[PDB]
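What follows is a pair of forms of the same protein chain, given separately as structure tokens and numbered structure 1 and structure 2.
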Structure 1
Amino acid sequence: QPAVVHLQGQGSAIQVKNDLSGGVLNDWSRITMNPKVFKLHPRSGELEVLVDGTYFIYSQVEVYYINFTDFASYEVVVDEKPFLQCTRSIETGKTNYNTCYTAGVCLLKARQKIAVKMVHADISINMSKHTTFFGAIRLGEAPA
């Protein structure tokens, strides 16, 4: 029954201000991704669901440097509307590796799109397949 996706970070570091259009993480390896339910659009990094349902959504992003903000943040967005937000305060002036995890449950319709959108700042991300990832579980049907 339950279909899943666990997207892993791939490629080198992402320097958010230069390397992301509007902050959407967009280099995802699709190891496990059940295609009956989940479609990754690689260019945009948007994770589309192909079926109505109850979905548990989760993400983790590893930040390793902040230039002059003391604040790394990202939103888990659904059709561009914020659903979850993760914030961490990290001192600048030194390498400070921190994984930033959030998660939660919602109802989705078919063709809705989830993304992990960084808040635009002078931030550096480590795109290691183990510290940065983005996943979901179709738990079952949505009520009605």
Structure 2
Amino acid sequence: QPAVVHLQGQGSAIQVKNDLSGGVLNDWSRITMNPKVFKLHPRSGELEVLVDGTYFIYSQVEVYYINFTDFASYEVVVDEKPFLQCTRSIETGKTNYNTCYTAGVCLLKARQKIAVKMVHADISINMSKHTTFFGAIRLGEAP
């Protein structure tokens, strides 16, 4: 049947400006990854596809601290090029627990790198396994 994948935050909270490489979340946990269709690159945090198809991609990030912005925002990048975007206005300078979810569907080609990228630098993200996750589902054949 269809192949799915559900990555999770492995535990501790991160600082985008220090713990990340270009705002890309890389601390993932392959809990229910199908090996026939998906391949995760741990150091980069890219979800690579192996089969050309139609993919429903979902993601959620828990942002709790921001400096110099008035709003937190992230992109679901398809080969370092934006597809979806989730933005949330958050009180700047103080702790604000907010999970930010975005999902969409698009046609993909094999060996395609999908990633979660924060547009701002001064963000504190809680990489919890229940508040931060990244997933994809091969629905079927590409029209």
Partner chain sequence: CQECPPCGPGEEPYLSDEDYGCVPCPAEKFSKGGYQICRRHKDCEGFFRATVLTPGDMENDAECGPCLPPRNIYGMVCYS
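Note that the rigid core is defined as the largest set of C-alphas that superpose within 1.5 Å between two forms. Counting starts at 1 and follows the sequence of structure 1.
Enquirer: Which of these two chains, shown alone, is the form deposited with the partner chain bound?
Expert: It is the second structure that is the form deposited with the partner chain bound.
Enquirer: Core-aligned, what's the Cα displacement of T131 between structures 1 and 2 in Å?
Expert: Here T131 registers a C-alpha shift of 0.3 Å.
Enquirer: For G93, give the CA shift between structures 1 and 2 in Å, the superposition being done on the rigid core.
Expert: After core superposition, the C-alpha of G93 moves 3.0 Å between structures 1 and 2.
Enquirer: Taking the rigid core as fixed, quantify in angstrom how much the C-alpha of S12 shifts between structures 1 and 2.
Expert: The shift comes out to 1.2 Å.
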